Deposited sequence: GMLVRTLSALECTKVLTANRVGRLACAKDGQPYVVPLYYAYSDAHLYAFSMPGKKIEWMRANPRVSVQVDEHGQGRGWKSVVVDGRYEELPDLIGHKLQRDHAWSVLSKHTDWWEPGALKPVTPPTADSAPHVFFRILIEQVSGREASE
C-alpha cells in the first residue's frame, strides 16, 4: 500500500462526506472512546447526546480526538484524525438555529441509537476542529 498524508483540503472532504466517527475523551489519564454520528459545518462537528459518561467527562475535560474514515477502491481507505475541543451548546435562543439545523440532519440517525422510553432532553454540542491530519492507503 502506498500510504501518504492528506492535504488540509483532502481532510475536510473526508469529514464533510461522512457521518460517523469515533470520539475519544479522557479523565485522569484514562481514555474513553465511543461511536458518534456527527454533521460537519464551519470547522465544527455537531452532534447530539443523551446525558451520560462521555458528556460528563467532556464537561470536565474538553480535550477530545475524533477519527473518521471511509473506503476507497479495493482495500483502499482514507482516515482523518481531529484534535478538538468540546463546546456544549445550551438550549438558549442564540443556539436555536444551530440546534434546529443540526437536528434536522441528525434526526433520522438519532433514531438509530437513542434509547426509547421503557431535541429537548438532548445535549447538543460541537467539536471545534483545532488540528487535523489525514492518511490514505492505495
Regions of the deposited sequence not represented in the model: 1, 120 to 128, 149
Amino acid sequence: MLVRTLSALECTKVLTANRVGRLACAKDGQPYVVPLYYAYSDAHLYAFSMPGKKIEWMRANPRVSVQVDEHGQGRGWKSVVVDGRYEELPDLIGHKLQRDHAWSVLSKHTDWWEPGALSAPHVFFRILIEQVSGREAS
From here on, numbers count along this sequence of modelled residues.
If you take the mean CA temperature factor per stretch, which one wins between 79 to 87 and 104 to 112? 104 to 112
Higher-scoring stretch by recorded Cα B factor average, 34 to 42 or 69 to 77: 69 to 77
The third of the chain into which the C-alpha temperature factor of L15 falls is the middle
So where's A117 on the chain's Cα temperature factor ranking, which third? highest
Within this chain, which third does the Cα B-factor at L128 fall in: lowest, middle or highest? middle
